$ cat query_0.pdb   # PDB, C-alpha atoms
ATOM      1  CA  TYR A 112     -47.248   2.623 -27.057
ATOM      2  CA  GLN A 113     -47.353  -1.181 -26.749
ATOM      3  CA  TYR A 114     -43.566  -1.191 -27.154
ATOM      4  CA  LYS A 115     -43.250   1.356 -24.347
ATOM      5  CA  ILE A 116     -45.639  -0.649 -22.148
ATOM      6  CA  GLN A 117     -43.532  -3.795 -22.563
ATOM      7  CA  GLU A 118     -40.424  -1.683 -21.928
ATOM      8  CA  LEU A 119     -42.004  -0.464 -18.679
ATOM      9  CA  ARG A 120     -42.820  -4.052 -17.691
ATOM     10  CA  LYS A 121     -39.241  -5.181 -18.302
ATOM     11  CA  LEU A 122     -38.045  -2.080 -16.429
ATOM     12  CA  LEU A 123     -40.091  -2.849 -13.308
ATOM     13  CA  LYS A 124     -39.006  -6.497 -13.358
ATOM     14  CA  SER A 125     -35.402  -5.320 -13.693
ATOM     15  CA  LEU A 126     -35.941  -2.920 -10.779
ATOM     16  CA  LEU A 127     -37.184  -5.738  -8.546
ATOM     17  CA  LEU A 128     -34.345  -8.037  -9.627
ATOM     18  CA  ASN A 129     -31.778  -5.283  -9.086
ATOM     19  CA  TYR A 130     -33.094  -4.599  -5.591
ATOM     20  CA  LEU A 131     -32.709  -8.317  -4.890
ATOM     21  CA  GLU A 132     -29.171  -8.104  -6.294
ATOM     22  CA  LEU A 133     -28.490  -5.074  -4.077
ATOM     23  CA  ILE A 134     -29.600  -7.059  -1.025
ATOM     24  CA  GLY A 135     -27.316  -9.880  -2.152
ATOM     25  CA  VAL A 136     -24.370  -7.509  -2.595
ATOM     26  CA  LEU A 137     -24.943  -6.033   0.859
ATOM     27  CA  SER A 138     -25.254  -9.580   2.226
ATOM     28  CA  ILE A 139     -21.831 -10.571   0.976
ATOM     29  CA  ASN A 140     -19.840  -7.318   0.639
ATOM     30  CA  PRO A 141     -21.407  -3.963   1.629
ATOM     31  CA  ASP A 142     -18.940  -1.946  -0.462
ATOM     32  CA  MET A 143     -19.745  -2.783  -4.110
ATOM     33  CA  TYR A 144     -23.308  -1.425  -3.870
ATOM     34  CA  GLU A 145     -22.304   1.971  -5.296
ATOM     35  CA  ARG A 146     -22.663   1.008  -8.947
ATOM     36  CA  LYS A 147     -25.776  -1.035  -8.112
ATOM     37  CA  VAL A 148     -27.401   2.081  -6.650
ATOM     38  CA  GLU A 149     -26.443   3.820  -9.901
ATOM     39  CA  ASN A 150     -28.151   0.996 -11.813
ATOM     40  CA  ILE A 151     -31.289   1.429  -9.694
ATOM     41  CA  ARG A 152     -31.103   5.175 -10.390
ATOM     42  CA  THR A 153     -30.924   4.566 -14.143
ATOM     43  CA  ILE A 154     -33.875   2.162 -13.962
ATOM     44  CA  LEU A 155     -35.935   4.666 -11.959
ATOM     45  CA  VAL A 156     -35.208   7.613 -14.239
ATOM     46  CA  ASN A 157     -35.966   5.499 -17.322
ATOM     47  CA  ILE A 158     -39.272   4.426 -15.745
ATOM     48  CA  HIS A 159     -40.199   8.003 -14.849
ATOM     49  CA  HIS A 160     -39.220   9.332 -18.275
ATOM     50  CA  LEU A 161     -41.258   6.550 -19.883
ATOM     51  CA  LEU A 162     -44.247   7.645 -17.797
ATOM     52  CA  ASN A 163     -43.730  11.282 -18.782
ATOM     53  CA  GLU A 164     -43.423  10.195 -22.418
ATOM     54  CA  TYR A 165     -46.765   8.424 -21.988
ATOM     55  CA  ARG A 166     -48.166  11.565 -20.324
ATOM     56  CA  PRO A 167     -49.175  13.405 -23.566
TER      57      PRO A 167
ATOM     58  CA  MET B   1       7.943 -14.345  11.060
ATOM     59  CA  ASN B   2      11.410 -15.148  12.413
ATOM     60  CA  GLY B   3      12.260 -11.446  12.509
ATOM     61  CA  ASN B   4       8.950 -10.710  14.229
ATOM     62  CA  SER B   5       9.594 -13.506  16.745
ATOM     63  CA  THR B   6      13.084 -12.295  17.655
ATOM     64  CA  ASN B   7      11.764  -8.718  17.764
ATOM     65  CA  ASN B   8       9.110  -9.811  20.269
ATOM     66  CA  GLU B   9      11.700 -11.714  22.326
ATOM     67  CA  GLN B  10      14.122  -8.766  22.402
ATOM     68  CA  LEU B  11      11.147  -6.528  23.205
ATOM     69  CA  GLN B  12      10.238  -8.769  26.147
ATOM     70  CA  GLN B  13      13.813  -8.570  27.451
ATOM     71  CA  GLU B  14      13.734  -4.777  27.055
ATOM     72  CA  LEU B  15      10.403  -4.592  28.892
ATOM     73  CA  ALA B  16      11.800  -6.743  31.711
ATOM     74  CA  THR B  17      14.925  -4.624  32.151
ATOM     75  CA  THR B  18      12.917  -1.382  32.030
ATOM     76  CA  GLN B  19      10.594  -2.844  34.667
ATOM     77  CA  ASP B  20      13.427  -3.805  37.005
ATOM     78  CA  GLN B  21      15.106  -0.406  36.561
ATOM     79  CA  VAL B  22      11.790   1.310  37.350
ATOM     80  CA  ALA B  23      11.387  -0.950  40.395
ATOM     81  CA  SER B  24      14.875   0.032  41.570
ATOM     82  CA  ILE B  25      13.974   3.715  41.135
ATOM     83  CA  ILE B  26      10.756   3.270  43.131
ATOM     84  CA  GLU B  27      12.644   1.424  45.883
ATOM     85  CA  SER B  28      15.213   4.234  45.974
ATOM     86  CA  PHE B  29      12.376   6.767  46.186
ATOM     87  CA  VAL B  30      10.765   5.029  49.158
ATOM     88  CA  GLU B  31      14.228   4.715  50.743
ATOM     89  CA  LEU B  32      14.977   8.427  50.439
ATOM     90  CA  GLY B  33      11.408   9.265  51.460
ATOM     91  CA  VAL B  34      11.682   7.322  54.700
ATOM     92  CA  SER B  35      15.171   8.820  55.082
ATOM     93  CA  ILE B  36      13.575  12.272  54.898
ATOM     94  CA  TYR B  37      10.798  11.280  57.312
ATOM     95  CA  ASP B  38      13.292   9.546  59.650
ATOM     96  CA  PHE B  39      15.985  12.219  59.221
ATOM     97  CA  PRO B  40      18.647  12.117  61.971
ATOM     98  CA  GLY B  41      19.866  15.585  60.957
ATOM     99  CA  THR B  42      23.439  14.352  60.484
ATOM    100  CA  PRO B  43      25.672  15.329  57.542
ATOM    101  CA  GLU B  44      26.006  11.588  56.885
ATOM    102  CA  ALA B  45      22.260  11.360  56.240
ATOM    103  CA  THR B  46      22.583  14.413  53.986
ATOM    104  CA  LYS B  47      25.257  12.594  51.979
ATOM    105  CA  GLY B  48      23.114   9.451  52.011
ATOM    106  CA  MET B  49      20.113  11.166  50.456
ATOM    107  CA  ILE B  50      22.485  12.888  48.008
ATOM    108  CA  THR B  51      23.690   9.387  47.105
ATOM    109  CA  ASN B  52      20.091   8.174  46.726
ATOM    110  CA  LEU B  53      19.475  11.042  44.307
ATOM    111  CA  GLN B  54      22.707  10.129  42.490
ATOM    112  CA  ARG B  55      21.626   6.527  41.875
ATOM    113  CA  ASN B  56      18.186   7.758  40.801
ATOM    114  CA  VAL B  57      19.771  10.171  38.299
ATOM    115  CA  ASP B  58      22.107   7.553  36.834
ATOM    116  CA  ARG B  59      19.210   5.092  36.552
ATOM    117  CA  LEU B  60      17.414   7.850  34.652
ATOM    118  CA  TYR B  61      20.544   8.101  32.481
ATOM    119  CA  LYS B  62      20.482   4.373  31.747
ATOM    120  CA  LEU B  63      16.790   4.241  30.866
ATOM    121  CA  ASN B  64      16.907   7.434  28.826
ATOM    122  CA  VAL B  65      19.851   6.223  26.722
ATOM    123  CA  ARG B  66      17.925   2.964  26.235
ATOM    124  CA  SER B  67      14.967   5.076  25.098
ATOM    125  CA  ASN B  68      17.118   6.524  22.284
ATOM    126  CA  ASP B  69      19.622   3.813  21.314
ATOM    127  CA  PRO B  70      19.314   2.353  17.776
ATOM    128  CA  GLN B  71      18.766  -1.163  19.151
ATOM    129  CA  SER B  72      15.406  -0.328  20.703
ATOM    130  CA  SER B  73      11.998  -1.899  20.182
ATOM    131  CA  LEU B  74      10.497   0.666  22.574
ATOM    132  CA  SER B  75       9.988   2.900  19.544
ATOM    133  CA  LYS B  76       8.092  -0.016  17.979
ATOM    134  CA  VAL B  77       5.700  -0.177  20.952
ATOM    135  CA  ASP B  78       2.329   1.381  20.097
ATOM    136  CA  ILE B  79       0.729   3.213  23.032
ATOM    137  CA  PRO B  80      -2.520   5.230  22.859
ATOM    138  CA  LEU B  81      -3.551   8.035  25.182
ATOM    139  CA  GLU B  82      -6.513   6.064  26.514
ATOM    140  CA  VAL B  83      -4.399   3.458  28.308
ATOM    141  CA  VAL B  84      -2.116   6.017  29.969
ATOM    142  CA  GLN B  85      -4.998   8.264  31.034
ATOM    143  CA  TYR B  86      -6.792   5.049  32.008
ATOM    144  CA  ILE B  87      -3.983   4.230  34.449
ATOM    145  CA  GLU B  88      -4.020   7.799  35.816
ATOM    146  CA  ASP B  89      -7.609   7.130  36.913
ATOM    147  CA  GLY B  90      -6.217   4.422  39.194
ATOM    148  CA  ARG B  91      -8.269   1.751  37.424
ATOM    149  CA  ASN B  92      -6.910  -1.493  36.084
ATOM    150  CA  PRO B  93      -5.324  -1.336  32.600
ATOM    151  CA  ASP B  94      -6.027  -4.959  31.656
ATOM    152  CA  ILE B  95      -9.713  -4.006  31.729
ATOM    153  CA  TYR B  96      -8.856  -1.731  28.794
ATOM    154  CA  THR B  97      -7.687  -4.788  26.857
ATOM    155  CA  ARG B  98     -10.663  -6.774  28.176
ATOM    156  CA  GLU B  99     -13.258  -4.121  27.326
ATOM    157  CA  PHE B 100     -11.433  -3.370  24.078
ATOM    158  CA  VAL B 101     -11.494  -6.951  22.765
ATOM    159  CA  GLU B 102     -15.068  -7.225  24.043
ATOM    160  CA  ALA B 103     -15.907  -4.219  21.871
ATOM    161  CA  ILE B 104     -14.209  -6.030  18.971
ATOM    162  CA  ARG B 105     -16.301  -9.151  19.574
ATOM    163  CA  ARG B 106     -19.496  -7.148  20.171
ATOM    164  CA  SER B 107     -19.094  -5.301  16.879
ATOM    165  CA  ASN B 108     -18.228  -8.564  15.103
ATOM    166  CA  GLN B 109     -21.378 -10.233  16.436
ATOM    167  CA  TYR B 110     -23.506  -7.188  15.572
ATOM    168  CA  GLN B 111     -22.153  -7.337  12.031
ATOM    169  CA  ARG B 112     -22.695 -11.112  11.841
ATOM    170  CA  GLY B 113     -26.288 -10.724  13.013
ATOM    171  CA  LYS B 114     -26.835  -8.029  10.391
ATOM    172  CA  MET B 115     -25.180 -10.364   7.869
ATOM    173  CA  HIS B 116     -27.546 -13.239   8.649
ATOM    174  CA  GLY B 117     -30.543 -10.897   8.719
ATOM    175  CA  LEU B 118     -29.684  -9.618   5.250
ATOM    176  CA  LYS B 119     -29.372 -13.238   4.105
ATOM    177  CA  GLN B 120     -32.824 -14.024   5.541
ATOM    178  CA  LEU B 121     -34.328 -10.991   3.812
ATOM    179  CA  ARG B 122     -32.639 -11.982   0.541
ATOM    180  CA  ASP B 123     -33.740 -15.599   0.385
ATOM    181  CA  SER B 124     -37.245 -14.895   1.725
ATOM    182  CA  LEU B 125     -37.582 -12.256  -1.008
ATOM    183  CA  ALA B 126     -36.250 -14.727  -3.583
ATOM    184  CA  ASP B 127     -38.624 -17.552  -2.628
ATOM    185  CA  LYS B 128     -41.573 -15.157  -2.544
ATOM    186  CA  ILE B 129     -40.678 -13.690  -5.957
ATOM    187  CA  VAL B 130     -40.357 -17.102  -7.592
ATOM    188  CA  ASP B 131     -43.684 -18.033  -5.992
ATOM    189  CA  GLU B 132     -45.383 -14.976  -7.488
ATOM    190  CA  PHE B 133     -43.359 -14.813 -10.719
ATOM    191  CA  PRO B 134     -42.527 -18.176 -12.327
ATOM    192  CA  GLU B 135     -41.109 -16.438 -15.409
ATOM    193  CA  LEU B 136     -38.464 -14.737 -13.242
ATOM    194  CA  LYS B 137     -37.209 -17.866 -11.457
ATOM    195  CA  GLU B 138     -34.110 -18.260 -13.655
ATOM    196  CA  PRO B 139     -32.835 -14.659 -13.135
ATOM    197  CA  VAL B 140     -33.595 -14.962  -9.407
ATOM    198  CA  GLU B 141     -31.596 -18.190  -9.106
ATOM    199  CA  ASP B 142     -28.824 -16.626 -11.203
ATOM    200  CA  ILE B 143     -28.760 -13.664  -8.808
ATOM    201  CA  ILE B 144     -28.714 -16.060  -5.835
ATOM    202  CA  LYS B 145     -25.743 -18.038  -7.137
ATOM    203  CA  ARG B 146     -24.001 -14.794  -8.122
ATOM    204  CA  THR B 147     -24.680 -13.125  -4.765
ATOM    205  CA  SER B 148     -23.789 -16.285  -2.821
ATOM    206  CA  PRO B 149     -20.369 -17.164  -4.259
ATOM    207  CA  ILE B 150     -18.206 -20.081  -3.192
ATOM    208  CA  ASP B 151     -16.645 -19.482   0.215
ATOM    209  CA  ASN B 152     -12.873 -19.035   0.160
ATOM    210  CA  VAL B 153     -12.608 -16.481   2.999
ATOM    211  CA  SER B 154     -15.464 -17.982   5.048
ATOM    212  CA  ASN B 155     -14.472 -21.655   5.436
ATOM    213  CA  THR B 156     -11.844 -20.604   7.976
ATOM    214  CA  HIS B 157     -13.320 -19.487  11.298
TER     215      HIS B 157
END

$ encode --input "query_0.pdb" --output "structure tokens"
Amino acid sequence: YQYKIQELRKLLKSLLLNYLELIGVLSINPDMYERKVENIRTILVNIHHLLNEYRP
Amino acid sequence: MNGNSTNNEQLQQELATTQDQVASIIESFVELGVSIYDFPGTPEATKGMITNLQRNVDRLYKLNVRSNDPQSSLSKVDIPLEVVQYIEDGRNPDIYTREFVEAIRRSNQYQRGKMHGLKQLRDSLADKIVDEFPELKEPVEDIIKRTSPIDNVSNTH
């Protein structure tokens, strides 16, 4: 599970960076955020599924 | 732009001639109204107020045919219901332009304040992240330069 732990670490760093990118998108053009919210959704569901994979 | 300019000039001439025709109608109305109030009872006054009605009707002819002729920019005039019901309240219609452009400016300034606030949140977040995370400073600066592109629709005011 070391691989999955490092994957979770990269996932949380990507989540923080993508929230910063979402703020940047909304602070130049508040219309292109729709795919960024989808990216945040994919990051969140991958994080949660990684946690539930670690759950057993 | 030349077509728009000559359209605006012809529109101004049309507005002026509609205004003077309407002024003539209103003057005829006050004339026949004071003729009714100061009626001498004579058949000549009867014919006079008939004549007043006749000029009013033919003025209505001339400004109805100018409301339907092909060479008309009056169809190109855009009029909402708020200005005409605004006039029916007896209250000044240039306030509608004044309050309307003030709403434009108020919304623009609200959006600009939100714009600058989002910028402050973004760069405060960025500086704080690169303080906490030195390994993430290159992706943060890449995001900053990506999410602050070169201004080509912002240099003009």

$ axis_aligned_box --input "query_0.pdb" --around "region 99-106 of chain B" --padding-each-side "4 Å" --output "AutoDock Vina command-line options"
--center_x -15.5 --center_y -6.3 --center_z 23.1 --size_x 16.1 --size_y 13.8 --size_z 16.4

$ closest_residue --input "query_0.pdb" --among "A:133, A:167, A:125, A:141" --to "residue 154 (chain A)" --atoms "all atoms listed in the file"
A:125

$ residues_around --input "query_0.pdb" --residues "residue 116 (chain A)" --least-positions-apart "3" --cutoff "12 Å" --atoms "all atoms listed in the file" --output "ChimeraX atom specification"
/A:112-113,119-123,158,161-162,164-165

$ interface_residues --input "query_0.pdb" --of "chain B" --to "chain A" --cutoff "8 Å" --atoms "all atoms listed in the file" --output "list in words"
residues 115, 116, 118, 119, 121, 122, 125, 126, 139, 140, 143, 144, 147 and 148 of chain B

$ write_last_selection --input "query_0.pdb" --atoms "C-alpha atoms" --output "mmCIF file, keeping the file's coordinate frame"
data_model
loop_
_atom_site.group_PDB
_atom_site.id
_atom_site.type_symbol
_atom_site.label_atom_id
_atom_site.label_comp_id
_atom_site.auth_asym_id
_atom_site.auth_seq_id
_atom_site.Cartn_x
_atom_site.Cartn_y
_atom_site.Cartn_z
ATOM 1 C CA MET B 115 -25.180 -10.364 7.869
ATOM 2 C CA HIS B 116 -27.546 -13.239 8.649
ATOM 3 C CA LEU B 118 -29.684 -9.618 5.250
ATOM 4 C CA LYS B 119 -29.372 -13.238 4.105
ATOM 5 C CA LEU B 121 -34.328 -10.991 3.812
ATOM 6 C CA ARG B 122 -32.639 -11.982 0.541
ATOM 7 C CA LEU B 125 -37.582 -12.256 -1.008
ATOM 8 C CA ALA B 126 -36.250 -14.727 -3.583
ATOM 9 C CA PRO B 139 -32.835 -14.659 -13.135
ATOM 10 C CA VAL B 140 -33.595 -14.962 -9.407
ATOM 11 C CA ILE B 143 -28.760 -13.664 -8.808
ATOM 12 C CA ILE B 144 -28.714 -16.060 -5.835
ATOM 13 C CA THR B 147 -24.680 -13.125 -4.765
ATOM 14 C CA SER B 148 -23.789 -16.285 -2.821
#

$ resolve_selection --input "query_0.pdb" --expression "the PyMOL selection byres ((chain B and resi 21) around 12)" --output "short mmCIF file (atom, residue, chain, number, x, y, z; two decimals) with C-alpha atoms, in the frame of the given file"
data_model
loop_
_atom_site.label_atom_id
_atom_site.label_comp_id
_atom_site.auth_asym_id
_atom_site.auth_seq_id
_atom_site.Cartn_x
_atom_site.Cartn_y
_atom_site.Cartn_z
CA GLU B 14 13.73 -4.78 27.06
CA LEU B 15 10.40 -4.59 28.89
CA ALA B 16 11.80 -6.74 31.71
CA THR B 17 14.92 -4.62 32.15
CA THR B 18 12.92 -1.38 32.03
CA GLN B 19 10.59 -2.84 34.67
CA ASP B 20 13.43 -3.80 37.01
CA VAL B 22 11.79 1.31 37.35
CA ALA B 23 11.39 -0.95 40.40
CA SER B 24 14.88 0.03 41.57
CA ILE B 25 13.97 3.72 41.14
CA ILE B 26 10.76 3.27 43.13
CA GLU B 27 12.64 1.42 45.88
CA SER B 28 15.21 4.23 45.97
CA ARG B 55 21.63 6.53 41.88
CA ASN B 56 18.19 7.76 40.80
CA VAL B 57 19.77 10.17 38.30
CA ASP B 58 22.11 7.55 36.83
CA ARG B 59 19.21 5.09 36.55
CA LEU B 60 17.41 7.85 34.65
CA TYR B 61 20.54 8.10 32.48
CA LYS B 62 20.48 4.37 31.75
CA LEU B 63 16.79 4.24 30.87
CA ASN B 64 16.91 7.43 28.83
CA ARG B 66 17.92 2.96 26.24
#

$ atom_distance --input "query_0.pdb" --atom1 "CA of residue 32 (chain B)" --atom2 "CA of residue 53 (chain B)"
8.0 Å

$ atom_distance --input "query_0.pdb" --atom1 "CA of residue 118 (chain A)" --atom2 "CA of residue 157 (chain A)"
9.6 Å

$ atom_distance --input "query_0.pdb" --atom1 "CA of residue 8 (chain B)" --atom2 "CA of residue 73 (chain B)"
8.4 Å

$ build_atoms --input "query_0.pdb" --residues "region 115-145 of chain A" --atoms "N, CA and C atoms" --output "PDB file, keeping the file's coordinate frame"
ATOM      1  N   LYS A 115     -43.609   0.668 -25.580  1.00  0.00           N
ATOM      2  CA  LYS A 115     -43.250   1.356 -24.347  1.00  0.00           C
ATOM      3  C   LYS A 115     -43.861   0.685 -23.121  1.00  0.00           C
ATOM      4  N   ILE A 116     -45.040   0.078 -23.263  1.00  0.00           N
ATOM      5  CA  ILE A 116     -45.639  -0.649 -22.148  1.00  0.00           C
ATOM      6  C   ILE A 116     -44.812  -1.883 -21.801  1.00  0.00           C
ATOM      7  N   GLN A 117     -44.394  -2.643 -22.816  1.00  0.00           N
ATOM      8  CA  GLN A 117     -43.532  -3.795 -22.563  1.00  0.00           C
ATOM      9  C   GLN A 117     -42.175  -3.368 -22.018  1.00  0.00           C
ATOM     10  N   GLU A 118     -41.663  -2.223 -22.477  1.00  0.00           N
ATOM     11  CA  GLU A 118     -40.424  -1.683 -21.928  1.00  0.00           C
ATOM     12  C   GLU A 118     -40.583  -1.341 -20.453  1.00  0.00           C
ATOM     13  N   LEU A 119     -41.730  -0.768 -20.080  1.00  0.00           N
ATOM     14  CA  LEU A 119     -42.004  -0.464 -18.679  1.00  0.00           C
ATOM     15  C   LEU A 119     -42.108  -1.733 -17.842  1.00  0.00           C
ATOM     16  N   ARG A 120     -42.710  -2.783 -18.404  1.00  0.00           N
ATOM     17  CA  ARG A 120     -42.820  -4.052 -17.691  1.00  0.00           C
ATOM     18  C   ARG A 120     -41.446  -4.664 -17.440  1.00  0.00           C
ATOM     19  N   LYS A 121     -40.603  -4.688 -18.475  1.00  0.00           N
ATOM     20  CA  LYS A 121     -39.241  -5.181 -18.302  1.00  0.00           C
ATOM     21  C   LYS A 121     -38.456  -4.304 -17.336  1.00  0.00           C
ATOM     22  N   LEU A 122     -38.725  -2.996 -17.336  1.00  0.00           N
ATOM     23  CA  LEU A 122     -38.045  -2.080 -16.429  1.00  0.00           C
ATOM     24  C   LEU A 122     -38.416  -2.345 -14.975  1.00  0.00           C
ATOM     25  N   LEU A 123     -39.698  -2.592 -14.693  1.00  0.00           N
ATOM     26  CA  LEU A 123     -40.091  -2.849 -13.308  1.00  0.00           C
ATOM     27  C   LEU A 123     -39.578  -4.204 -12.835  1.00  0.00           C
ATOM     28  N   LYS A 124     -39.585  -5.207 -13.721  1.00  0.00           N
ATOM     29  CA  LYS A 124     -39.006  -6.497 -13.358  1.00  0.00           C
ATOM     30  C   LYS A 124     -37.510  -6.369 -13.099  1.00  0.00           C
ATOM     31  N   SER A 125     -36.818  -5.571 -13.915  1.00  0.00           N
ATOM     32  CA  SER A 125     -35.402  -5.320 -13.693  1.00  0.00           C
ATOM     33  C   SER A 125     -35.164  -4.554 -12.401  1.00  0.00           C
ATOM     34  N   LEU A 126     -36.073  -3.646 -12.039  1.00  0.00           N
ATOM     35  CA  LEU A 126     -35.941  -2.920 -10.779  1.00  0.00           C
ATOM     36  C   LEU A 126     -36.058  -3.858  -9.587  1.00  0.00           C
ATOM     37  N   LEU A 127     -37.031  -4.771  -9.629  1.00  0.00           N
ATOM     38  CA  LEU A 127     -37.184  -5.738  -8.546  1.00  0.00           C
ATOM     39  C   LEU A 127     -35.974  -6.664  -8.459  1.00  0.00           C
ATOM     40  N   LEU A 128     -35.506  -7.154  -9.612  1.00  0.00           N
ATOM     41  CA  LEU A 128     -34.345  -8.037  -9.627  1.00  0.00           C
ATOM     42  C   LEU A 128     -33.091  -7.313  -9.155  1.00  0.00           C
ATOM     43  N   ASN A 129     -32.952  -6.034  -9.501  1.00  0.00           N
ATOM     44  CA  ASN A 129     -31.778  -5.283  -9.086  1.00  0.00           C
ATOM     45  C   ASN A 129     -31.829  -4.927  -7.610  1.00  0.00           C
ATOM     46  N   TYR A 130     -33.024  -4.742  -7.042  1.00  0.00           N
ATOM     47  CA  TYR A 130     -33.094  -4.599  -5.591  1.00  0.00           C
ATOM     48  C   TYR A 130     -32.717  -5.895  -4.889  1.00  0.00           C
ATOM     49  N   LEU A 131     -33.140  -7.035  -5.442  1.00  0.00           N
ATOM     50  CA  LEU A 131     -32.709  -8.317  -4.890  1.00  0.00           C
ATOM     51  C   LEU A 131     -31.195  -8.475  -4.989  1.00  0.00           C
ATOM     52  N   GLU A 132     -30.618  -8.063  -6.118  1.00  0.00           N
ATOM     53  CA  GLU A 132     -29.171  -8.104  -6.294  1.00  0.00           C
ATOM     54  C   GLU A 132     -28.462  -7.157  -5.334  1.00  0.00           C
ATOM     55  N   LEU A 133     -29.065  -6.003  -5.043  1.00  0.00           N
ATOM     56  CA  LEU A 133     -28.490  -5.074  -4.077  1.00  0.00           C
ATOM     57  C   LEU A 133     -28.487  -5.672  -2.678  1.00  0.00           C
ATOM     58  N   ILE A 134     -29.570  -6.362  -2.308  1.00  0.00           N
ATOM     59  CA  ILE A 134     -29.600  -7.059  -1.025  1.00  0.00           C
ATOM     60  C   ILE A 134     -28.533  -8.145  -0.986  1.00  0.00           C
ATOM     61  N   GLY A 135     -28.358  -8.866  -2.096  1.00  0.00           N
ATOM     62  CA  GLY A 135     -27.316  -9.880  -2.152  1.00  0.00           C
ATOM     63  C   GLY A 135     -25.917  -9.305  -2.012  1.00  0.00           C
ATOM     64  N   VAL A 136     -25.665  -8.177  -2.680  1.00  0.00           N
ATOM     65  CA  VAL A 136     -24.370  -7.509  -2.595  1.00  0.00           C
ATOM     66  C   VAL A 136     -24.102  -7.058  -1.167  1.00  0.00           C
ATOM     67  N   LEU A 137     -25.103  -6.447  -0.529  1.00  0.00           N
ATOM     68  CA  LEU A 137     -24.943  -6.033   0.859  1.00  0.00           C
ATOM     69  C   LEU A 137     -24.863  -7.213   1.814  1.00  0.00           C
ATOM     70  N   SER A 138     -25.351  -8.384   1.409  1.00  0.00           N
ATOM     71  CA  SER A 138     -25.254  -9.580   2.226  1.00  0.00           C
ATOM     72  C   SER A 138     -24.090 -10.474   1.827  1.00  0.00           C
ATOM     73  N   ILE A 139     -23.175  -9.992   0.988  1.00  0.00           N
ATOM     74  CA  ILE A 139     -21.831 -10.571   0.976  1.00  0.00           C
ATOM     75  C   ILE A 139     -20.757  -9.510   1.209  1.00  0.00           C
ATOM     76  N   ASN A 140     -20.870  -8.353   0.558  1.00  0.00           N
ATOM     77  CA  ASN A 140     -19.840  -7.318   0.639  1.00  0.00           C
ATOM     78  C   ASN A 140     -20.511  -5.960   0.521  1.00  0.00           C
ATOM     79  N   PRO A 141     -20.746  -5.273   1.645  1.00  0.00           N
ATOM     80  CA  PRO A 141     -21.407  -3.963   1.629  1.00  0.00           C
ATOM     81  C   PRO A 141     -20.484  -2.812   1.227  1.00  0.00           C
ATOM     82  N   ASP A 142     -19.773  -2.990   0.116  1.00  0.00           N
ATOM     83  CA  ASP A 142     -18.940  -1.946  -0.462  1.00  0.00           C
ATOM     84  C   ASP A 142     -19.097  -1.804  -1.966  1.00  0.00           C
ATOM     85  N   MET A 143     -19.578  -2.828  -2.666  1.00  0.00           N
ATOM     86  CA  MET A 143     -19.745  -2.783  -4.110  1.00  0.00           C
ATOM     87  C   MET A 143     -21.126  -2.299  -4.527  1.00  0.00           C
ATOM     88  N   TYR A 144     -21.949  -1.857  -3.574  1.00  0.00           N
ATOM     89  CA  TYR A 144     -23.308  -1.425  -3.870  1.00  0.00           C
ATOM     90  C   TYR A 144     -23.374  -0.130  -4.666  1.00  0.00           C
ATOM     91  N   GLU A 145     -22.265   0.614  -4.761  1.00  0.00           N
ATOM     92  CA  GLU A 145     -22.304   1.971  -5.296  1.00  0.00           C
ATOM     93  C   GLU A 145     -22.727   1.992  -6.758  1.00  0.00           C
TER      94      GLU A 145
END
